[PDB]
Each structure stands twice: as C-alpha cells, then as structure tokens.
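Asks: Numbering (the authors' numbering), first residue to last: 12 to 78, 88 to 164, 175 to 247, 251 to 402. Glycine included, each C-beta is placed from N, C-alpha and C at the ideal position. Handing you a structure now.
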C-alpha cells in the first residue's frame with residue numbers, strides 16, 4: 012500500500028505512470044516524500060507540483076487506494101508552540117516524511133503565527149515540503175490588541191503602525207522588524223497587497239498581513258450577521274466581545290449592514306457600544322448613505338442625532354441627499370436638509386440633488402422649496 016512507500020518508492024511510481032499513461036516526463040524532485048506525506052497532499056497540491064500530469068497522478072493514487089505520532093516534546097497544542105517548538109516540528113516532520121531539508125529560518129515565528137499563515141504562505145516558505153508541512157498541521161489541529179492601537183486600522187497613524195509591528199513581533203515571536211518597513215498610515219497599510227507585505231518583511235510579512243486582516247474583522254464575522262436582524266445574537270456577540278467597527282470583505286461595518294436593513298434596535302445598540310457613525314465603506318459610503326438610500330428615516334435621524342456627516346461623499350461624489358434623491362425618499366431628503374444637507378450635490382458629473390430629482394421625474398423632490 013502507498014502508505015508504506017518511501018521517497019524511492021514514490022519516485023518509481025512516477026516513472027511508471029510516465030510510461031504507462033505516456034505522461035509528460037517529470038523530475039523525481041517533484042514528489043520527494045514518503046507515501047504518508049503523499050497522502051496528506053490534496054489534488055490542488057498535486058496540480059501545483061507537476062502541472063502537466065499532477066491531475067492524473069492524483070487520480071491514479073486514489074484508484075490505487077480503492078483497490088499522529090507527534091513527539092512528546094511537541095504533544096501540546098500548536099497555539100502554545102514556541103518558536104523553538106516549531107523548529108523541532110519542522111525537523112521532525114522532515115525525518116517523519118523524508119522531505120527536503122527544511123531550514124529552521126523557514127518558519128521564524130511562534131505557534132500562533134504559524135496558524136495565521138495560509139497554505140500559500142507555507143508553499144512560499146517551503147516550496148519543496150510546504151503542502152505536506154501544512155496539511156500535517158491541520159491534522160494535528162484536528163487531533164484534540176494593545177490599548178494604544180484599539181482604534182480601527184483605517185484610523186491608525188504612522189507611529190501607530192510602527193507600534194503595531196513591535197507588538198506583533200513580541201506577540202508572535204517574530205524576527206526584529208524595522209519600523210521603516212511600513213512607513214505609512216493605517217490607510218496606506220490597508221492598500222498594500224499581500225505580495226507587498228511579503229516584500230517589505232520577508233521574515234514576517236505573511237504573518238503581519240494576516241494579522242491586519244483579523245484586526246479588520251470570527252466573533253465579528255458572526256456579529257456582521259446583525260444585518261439579518263438577529264438582535265439577541267448581536268447583544269450576545271458584543272457581550273462576548275467583538276469589534277463593533279468590524280469590516281467585511283467589501284468593507285462594511287455592522288452599522289452599515291444594520292442601517293441598510295432597517296434595524297433601529299441594532300443601529301442604536303451598535304452606536305452605544307462604540308460604532309463609527311461615519312464609517313467609510315470601501316466605496317466611501319457611510320451608514321447614513323446606506324440608510325438614506327434604503328429609506329430608513331428613523332435610522333437616518335438616529336445617525337444624524339449620534340453624529341453623521343450629512344454632507345459626506347462616496348467615491349462617486351454622492352452626498353447622502355444625492356443618494357436619497359436618486360431613490361425618491363423625499364421624507365429622508367427633508368431630514369437631511371433639516372440637518373444641513375448641501376444643495377450642491379457636487380456629483381462626479383456635477384449634478385446637484387435637484388438635478389437627480391429631475392432625471393427621476395420626482396417633481397415633489399424637485400420642489401425642494
């Protein structure tokens with residue numbers, strides 16, 4: 012059975028299939044592992060290794076299949101692995117699966133940071149044994175912020191970004207990070223792609239990038258379901274602790290989602306528990322911008338009451354009034370005007386709010402006065 016195969020046995024199976032199925036020739040270095048390691052690999056890992064014939068090789072192994089043992093020093097959970105423990109795990113799995121010699125510098129981090137890395141980060145660090153060193157962790161996993179930076183990353187300062195790095199270095203046992211590695215503001219740090227993080231900090235940029243993603247949002254991912262209106266679940270989530278200013282994959286806070294779905298109970302409890310009433314969506318949309326278009330006047334009055342920029346502008350230069358006038362909501366438009374809405378909507382096409390009401394044929398909204 013393939014479980015008993017060695018690196019030599021794996022390689023012979025490759026040259027056999029290369030002749031039997033007339034696959035494009037592949038170097039034995041493509042799969043330098045024992046049969047136990049090969050099993051841990053997913054079909055996507057087979058594809059990445061030998062693109063020309065990885066698919067069929069995987070299916071062959073599966074067709075052949077149809078016809088733990090962690091050291092005591094590393095028996096603890098990976099979240100508690102120190103940086104030294106990770107090195108032994110790399111060296112042990114190397115001898116356990118007969119892999120290419122993994123350098124200790126490959127994973128210069130604690131056990132928590134190792135969990136933050138995605139499968140791709142493992143592959144970049146260990147191009148010869150990363151996938152095996154990744155799925156093994158998952159099987160092991162199956163077996164058994176500082177107050178100075180508690181603000182949302184979008185509002186972090188250049189000095190704040192530096193302290194975040196220093197905190198991350200001590201928190202995840204990372205290598206010394208220079209502060210000039212991310213000499214920018216939190217907004218600029220968000221704009222950087224994961225490839226930029228890997229280039230700025232080759233030792234820890236993959237960890238640092240993922241760290242920022244978690245700060246931007251598990252409990253928050255559940256709390257964002259406040260859009261659905263599960264008020265009791267929102268209280269329960271906040272009671273357990275959650276970033277009230279979390280951001281989804283499109284950059285929406287629980288407030289954005291609750292305001293757009295008409296949950297004044299949620300729209301008020303989030304503000305009381307610390308919600309950015311003027312939070313800027315990726316499109317520059319504010320909670321008011323959302324509530325105005327969705328016609329939730331009560332939420333509109335609340336946001337304006339709890340401090341909302343009646344004259345904010347999205348990425349297309351649209352004020353809440355413009356969004357209101359685009360969907361009628363003359364009542365909401367009146368509230369915005371009563372709270373100091375700009376008559377010059379200053380649209381990206383220069384259109385004013387009245388101009389939007391004229392194109393929509395809403396004479397009542399056009400009759401602003």
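(1) Return helix, strand or coil for residue 271, following the three-state DSSP convention.
(2) Out of curiosity, what's the CA-to-CA distance linking residue 391 and residue 397?
(3) Mind checking which residues open and close the alpha helix (DSSP H) that includes residue 375?
(4) Buried or exposed for residue 9, going by 16 or more other Cβ atoms inside 10 Å?
(5) Can you look up residue 103 in the DSSP assignment and give me helix, strand or coil?
(6) Measuring alpha carbon to alpha carbon, tell me which of 90, 302, 72 ends up nearest residue 159.
(7) Does the Cβ of residue 32 have 16 or more other Cβ atoms within 10 Å, making it buried, or fewer, making it exposed?
(8) For the region 308 to 381, which segments carrying the alpha helix (DSSP H) assignment without a break, of at least 4 residues, lie completely within its bounds, in sequence order?
(9) Pick from 343, 49, 287, 286: whose alpha carbon is nearest that of residue 116?
(10) Between residue 238 and residue 198, what straight-line distance do the alpha-carbon atoms span, to the nearest angstrom?
(11) Does the distance from the C-beta atom of residue 257 to that of residue 281 stay below 8 Å?
(12) Residue 392 by DSSP, collapsed to three states: which one?
(13) From what residue to what residue does the alpha helix (DSSP H) around residue 75 run?
(14) By the DSSP assignment, the alpha helix (DSSP H) with residue 150 in it spans what residues?
(15) State the DSSP-derived secondary structure class of residue 16, mapped to helix, strand or coil.
(16) Nearest to residue 228 by CA position, among 142, 67, 308, is which residue?
(17) Run the CB neighbour count on residue 183, radius 10 Å, all protein chains shown included, and call it buried at 16 or more, exposed below.
(18) Please check the pair residue 296 and residue 264, which I expect to be a contact at CB under 8 Å, by giving their CB distance rounded to whole angstroms.
(19) CB residue 204 to CB residue 133, shorter than 8 Å?
(20) For residue 66, I'd like the list of residues in its chain whose CB is within less than 8 Å of its CB, leaving aside the five on either flank, ordered along the chain.
(21) Leaving out five residues before and five after residue 185 in sequence, what residues of the same chain have Cβ atoms less than 7 Å from its Cβ?
(22) The alpha helix (DSSP H) spanning residue 145 covers which residue range?
(23) For residue 271, I'd like the list of residues in its chain whose CB is within less than 6 Å of its CB, leaving aside the five on either flank, ordered along the chain.
(24) Kindly list the residues whose CB is nearer than 8 Å to the CB of residue 93, restricted to its own chain and excluding five residues on each side of it in sequence; keep chain order.
(25) Using the beta-carbon count (16 or more within 10 Å), is residue 251 buried or exposed?
(26) Quick check: what's the CA-CA separation for residue 312 versus residue 123?
(27) Which whole-angstrom value is the C-beta distance of residue 310 and residue 336, which I expect to be below 8 Å?
(28) The alpha helix (DSSP H) spanning residue 300 covers which residue range?
(29) Alpha carbons only, please: which of 130, 299, 61, 292 is nearest the one belonging to residue 200?
(30) Beta-carbon within less than 8 Å of residue 283's beta-carbon, same chain only, minus the 5 sequence neighbours each way: which residues are those?
(31) I need the boundaries of the alpha helix (DSSP H) containing residue 287, first residue and last residue.
(32) Please report the residue range of the alpha helix (DSSP H) in which residue 197 lies.
(33) Which word fits residue 402, buried or exposed, when buried means at least 16 other C-beta atoms lie within 10 angstroms of its C-beta?
Replies: Quick answer:
(1) helix
(2) 10 Å
(3) Unbroken run through residue 375: none, as it is neither H nor E.
(4) In the structure as shown, the chain begins at 12 and stops at 402. Residue 9 is therefore absent and cannot be evaluated.
(5) helix
(6) 90
(7) exposed
(8) 320 to 326, 330 to 338, 353 to 359, 363 to 371
(9) 49
(10) 7 Å
(11) yes
(12) helix
(13) 65 to 77
(14) 150 to 162
(15) coil
(16) 142
(17) buried
(18) 7 Å
(19) yes
(20) 54, 57, 58
(21) 216
(22) 139 to 145
(23) 306
(24) 105, 108
(25) exposed
(26) 45 Å
(27) 5 Å
(28) 297 to 305
(29) 130
(30) 314, 315
(31) 287 to 293
(32) 188 to 201
(33) exposed
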